[PDB]
């Protein structure tokens, strides 16, 4: 009767948000972005992307940690895998690069749950939680994982971003604010048994 995965959440006030050098995108525009996606596809095939969902609470309400690029777009911490790179080892690496500490102290990332899969059929924005009818060579595969945090940690946040804590209700049905992946996190996280430490 208890088939649900059990997850420890801690207070947002348990975590320290420091700063480090800016981290700039590989692509200076959307047009550059899909161009580099075409070049790499012809050379090494489908892009493989990994993204981590980090969760906290304040006063027993779960929030998702989102990365805000100035006052423009919201992102989940993650990035592109190299060819032959392990998914889980890759997401740990990408999250050490983004939020890992100035003082070189190892973060202990715990990743044991897949929460979703998304596919990009063309060199265009549209993405789906399945492979569409007729598509044999999708251009990107995005994998999402749940990241269990330690009781406390310090995260060094590149100066050009801010780390914000979004409650679920703000995400729910906000595809325009957030896009179709982040706006379905409430549905995707509903199977978990959160403990509010």
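Numbering follows the first chain given and starts at 1. The term rigid core refers to the maximal set of C-alpha atoms that superpose within 1.5 Å between the two forms.
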Using the rigid core for superposition, please say which stretch has the greater CA deviation in 9 other deposited structures of this protein, 29 to 37 or 64 to 72. 64 to 72
Mean CA temperature factor from the deposited coordinates, higher in 47 to 55 or in 148 to 156? 148 to 156
Which is higher in the entry, the mean Cα B factor of 32 to 40 or that of 138 to 146? 32 to 40
So if I compare the CA B-factors in the entry for 115, 106, 94, 110, which one is the largest? 106
According to the PDB entry, is the CA B factor of residue 133 in the bottom, middle or top third of its chain, that is, lowest, middle or highest? highest
Can you tell me which third, lowest, middle or highest, the CA B-factor of residue 23 falls into for its chain? highest
Going by the CA temperature factor in the PDB record, which third of the chain does residue 100 belong to: lowest, middle or highest? highest
Chain thirds of CA B-factor: placement of residue 66: lowest
Position of residue 187 among the chain's modelled residues by C-alpha B-factor, lowest, middle or highest third: lowest
